[PDB]
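Asks: Let's see this in three dimensions:
(chains A, B, C and D, ligands or ions: 8)
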Amino acid sequence: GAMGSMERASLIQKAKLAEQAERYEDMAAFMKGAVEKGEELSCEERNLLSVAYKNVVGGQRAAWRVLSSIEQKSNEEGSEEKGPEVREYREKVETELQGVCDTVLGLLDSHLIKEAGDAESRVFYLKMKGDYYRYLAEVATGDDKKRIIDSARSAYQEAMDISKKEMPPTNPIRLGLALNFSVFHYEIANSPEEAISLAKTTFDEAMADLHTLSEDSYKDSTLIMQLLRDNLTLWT
Amino acid sequence: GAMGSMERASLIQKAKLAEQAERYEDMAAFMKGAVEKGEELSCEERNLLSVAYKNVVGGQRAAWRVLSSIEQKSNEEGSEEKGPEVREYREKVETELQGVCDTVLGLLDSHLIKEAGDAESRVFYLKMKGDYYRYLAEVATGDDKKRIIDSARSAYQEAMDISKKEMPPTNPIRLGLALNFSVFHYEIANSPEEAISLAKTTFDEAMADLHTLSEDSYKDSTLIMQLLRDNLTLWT
Amino acid sequence: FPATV
Amino acid sequence: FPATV
Ligand SMILES: CC(C)(Oc1ccc(Br)cc1)C(=O)Nc1cccc(-c2csc(C(=N)N)c2)c1
Ligand SMILES: CC(C)(Oc1ccc(Br)cc1)C(=O)Nc1cccc(-c2csc(C(=N)N)c2)c1
Ligand SMILES: [Mg+2]
Ligand SMILES: [Mg+2]
Ligand SMILES: [Mg+2]
Ligand SMILES: [Mg+2]
Ligand SMILES: [Mg+2]
Ligand SMILES: [Mg+2]
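Replies: Residues are numbered from 1 along each chain as shown, chains lettered A, B, ... in the order given. Ligands and ions are numbered 1, 2, ... in the order given. Structure as follows:
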């Protein structure tokens, strides 16, 4: 690791600076170095890790979608030919995206998940595992596609089971997990009815628990509830 | 060069795809590979090169400014100390920015400028040379700072001399050169009066030549004229 | 696309 | 910042 010589605290400090500078690739590299120090991550540190990689992979996904669209049109009737370049460049971006997902999954497997005992950490990491397998599934087409989808499903399901037993229905991690697992059902697993049912039940159970919350917790929970409603509006 | 095995035409095609995907680092790498094939660049290709590196370095400059601001505040009265990390990370970004500028300047020196005989190519490349020395000057602080500033000035001045002899006052390259040289005077050379005079004279001479233009040329020229006016409004 | 966090 | 192109 090129970060092996830098102090853990300095890596965390520089991750925060990289975020301020919108340098998310650097942010992710600093957080990878912090994880590789081998200590568990605090709540703030877990969110720095997730923010960094979500931004990196989100940019890769957007680029992959642009290139895949161009590639699809190139292979329609009417287009004569423009050579291998579109496929090659889509493949280049795809391979880089897969590499980032594999890196994140590797950090989760070595050894963040196995040391995570509290619900807030364990659910968070298992949600991430489902998310990064979902991003792999978005680009998958080969012998392993079904296994990639099932790896995402399995991680999300373990996170869901823990979240329902150990967190209140308004916990923002529980809400965000449900939001994303619902998107998995809709976009990956060809299960729109499960996606809609999960989003609706999550929203309604959260609504009923808002009365227990402070103003600040209410703000956090209702923010994610509005995303659930936004998706329900899109899908119905 | 990692692009040495790819066809020139494929590099240009992939640069255009990278632009569509907002992958400007890739765009710049493809265009560097195209330049290194050793052939002169067409008008479109010159603009692909400039767009790619302008976007890369523009992001680096924005990040450098954020980090420099944080560093400045850290070194004020009242701040106690937060260690070497802010300086180190500002230095990291700075070194990467300098590397990109050196790469562009190297392409111009080997061998784009020396083969550029037409005004539209030669002025374009000399403007770029002034721009990338200007970006080096923005971060310079050492024994060579004055020489970096003078390198920018010299390139801009040669471009200006050619542009006034060989291009009409509405030519968008001539206008953009004047815009940027005016910014050099204001922000780098501590010469706000020269910046304002250059912007005003450029605008007025362009205004007087608009009557010769087609609707499409008029649109291109007035776009850059409005940037000159925007800067004049900022500075007066 | 749908919202995820 | 001022405009450049
Ligand atoms: C997007 C949003 C609003 O909600 C969710 C909800 C569920 C999940 Br699962 C993920 C995100 C969020 O980011 N919440 C959040 C919650 C706890 C800590 C931080 C944080 C500490 S530091 C830091 C930083 N960006 N430097 C961010 C941020
Ligand atoms: C910013 C703007 C409006 O004006 C100026 C004016 C002076 C200078 Br010096 C620089 C820019 C510009 O970009 N003009 C322009 C002029 C000629 C060609 C292209 C082009 C071909 S291809 C391509 C692409 N982006 N794929 C872009 C673009
Ligand atoms: Mg230590
Ligand atoms: Mg592939
Ligand atoms: Mg159920
Ligand atoms: Mg060839
Ligand atoms: Mg330095
Ligand atoms: Mg003069």
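Asks: Excluding chain neighbours, what is closest to residue A:48?
Replies: Spatially, and ignoring its direct neighbours in sequence, residue A:48 is nearest to residue A:15 (5.1 Å; Cβ to Cβ, 6 or more residues apart in numbering or on different chains). Where you see a C-beta, it was placed from the backbone N, CA and C, and this is true even at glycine.
Asks: Just the CA coordinates for the strand or helix carrying residue A:26, please, in PDB.
Replies: Secondary-structure assignment from DSSP states H and E places residue A:26 in helix A:24-35. Extracted in PDB, the C-alpha atoms of helix A:24-35 (Å, rounded to 0.1, in the frame of the first residue of the first chain):
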ATOM      1  CA  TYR A  24     -12.900  11.900  -4.600                       C
ATOM      2  CA  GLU A  25     -10.300   9.500  -6.100                       C
ATOM      3  CA  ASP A  26      -7.800  10.800  -3.600                       C
ATOM      4  CA  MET A  27     -10.400  10.600  -0.800                       C
ATOM      5  CA  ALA A  28     -11.000   7.000  -1.600                       C
ATOM      6  CA  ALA A  29      -7.300   6.200  -1.700                       C
ATOM      7  CA  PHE A  30      -6.800   7.900   1.700                       C
ATOM      8  CA  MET A  31      -9.700   5.900   3.200                       C
ATOM      9  CA  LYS A  32      -8.500   2.600   1.700                       C
ATOM     10  CA  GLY A  33      -5.200   3.400   3.400                       C
ATOM     11  CA  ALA A  34      -7.000   4.100   6.700                       C
ATOM     12  CA  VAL A  35      -8.900   0.800   6.500                       C
END
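Asks: any idea of the angle it forms with helix B:24-35?
Replies: Calculated by axes from the mean of the first three to the mean of the last three Cα atoms, to 10 degrees, helix A:24-35 forms an angle of 120 degrees with helix B:24-35.
Asks: Any residue of whatever helix or strand comes next after helix A:24-35 touching ligand 1?
Replies: Sequence-wise, the next helix or strand downstream of helix A:24-35 (DSSP H and E) is helix A:43-74. Yes. Using Cβ under 6 Å from any ligand atom, helix A:43-74 reaches ligand 1 at A:44, A:47, A:48, A:51.
Asks: Top of those by number of neighbours, please.
Replies: Counting neighbours by other Cβ atoms under 10 Å in any protein chain shown, residue A:48 leads the residues of helix A:43-74 next to ligand 1 with 23 neighbours.
Asks: Identify the residues contacting that one.
Replies: Contact analysis of residue A:48 by Cβ atoms under 8 Å, 6 or more residues apart in numbering or on different chains lists A:12, A:15, A:16, A:19, A:27, A:31.
Asks: right, and the second one touches residue A:27 too?
Replies: Yes. Distance between residue A:15 and residue A:27: 5.0 Å, which falls inside the contact criterion (Cβ atoms under 8 Å).
Asks: Tell me which residue of chain A lies closest to ligand 1.
Replies: Chain A approaches ligand 1 most closely through residue A:176 (3.0 Å), counting by Cβ to the nearest ligand atom.
Asks: Go ahead and list the helix or strand containing the residue nearest to residue A:48.
Replies: helix A:8-20.
Asks: Does that helix pack against any helices or strands, and if so which?
Replies: Counting contacts by 3 or more Cβ pairs under 8 Å, 6 or more residues apart in numbering or on different chains; DSSP states H and E, helix A:8-20 is packed against helix A:24-35, helix A:43-74, helix B:43-74, helix B:85-107.
Asks: so which of those helices comes closest to residue A:100?
Replies: Residue A:100 sits nearest to helix A:43-74 of all the helices and strands packed on helix A:8-20, at 5.3 Å, using Cβ to Cβ.
Asks: got the angle between the closest one and helix A:8-20?
Replies: Going by the same axes, to 10 degrees, helix A:43-74 makes 50 degrees with helix A:8-20.
Asks: buried ones in helix A:43-74?
Replies: By neighbour count on 16 or more other Cβ atoms under 10 Å in any protein chain shown, the buried set for helix A:43-74 is A:45-46, A:48-57, A:59-61, A:63-68, A:70-71.
Asks: Compute the number of surrounding residues for residue A:222.
Replies: The burial count assigned to residue A:222 is 17, neighbours taken as other Cβ under 10 Å.
Asks: how about the residues of chain A near chain B?
Replies: Residues of chain A lying close to chain B by Cβ under 8 Å from any Cβ of the partner chain are A:10, A:13-14, A:17-18, A:20-23, A:26, A:59, A:62-63, A:66-67, A:70, A:82-83, A:85-86, A:88-89, A:92-93.
Asks: rewinding a little: among the helices and strands packed on helix A:8-20, which is nearest residue A:212?
Replies: Of all the helices and strands packed on helix A:8-20, it is helix A:43-74 that lies closest to residue A:212, at 20.5 Å by Cβ to Cβ.
Asks: Could you tell me the angle between that closest one and helix A:85-107?
Replies: Helix A:43-74 and helix A:85-107 are oriented at 160 degrees to each other (the same axes, to 10 degrees).
Asks: Run the chain-centre distance for helix A:43-74.
Replies: Relative to its chain's centre, helix A:43-74 lies at 10 Å (Cα atoms, centre = their mean, to the nearest Å).
Asks: just stretch A:23-42 next, same as before
Replies: 16 Å.
Asks: Straight-line length of it, end to end?
Replies: This stretch, stretch A:23-42, spans 22 Å end to end (Cα to Cα, to the nearest Å).
Asks: With stretch A:107-123 instead?
Replies: 15 Å.
Asks: Please enumerate residues in contact with that stretch?
Replies: By Cβ under 8 Å, 6+ apart, stretch A:107-123 touches A:32, A:35-36, A:38, A:40-41, A:43, A:46, A:49, A:124-126, A:128-129, A:132, A:159, A:162-163, A:166-167, A:171, A:173-174, A:177.
Asks: For PyMOL, write the select line for the buried members of those residues.
Replies: Buried residues within the contacts of stretch A:107-123, by 16+ other Cβ under 10 Å, are selected in PyMOL with:
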select buried, chain A and resi 32+35+41+46+49+124+125+126+128+129+132+159+162+163+167+171+173+174+177
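Asks: could you dump the helices and strands packed on helix A:8-20 to TSV with distance to residue B:208?
Replies: Listed next are the helices and strands packed on helix A:8-20 as TSV, based on distance: least, Cβ to Cβ, whole Å:
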stretch	distance to residue B:208
helix A:24-35	48
helix A:43-74	43
helix B:43-74	26
helix B:85-107	34
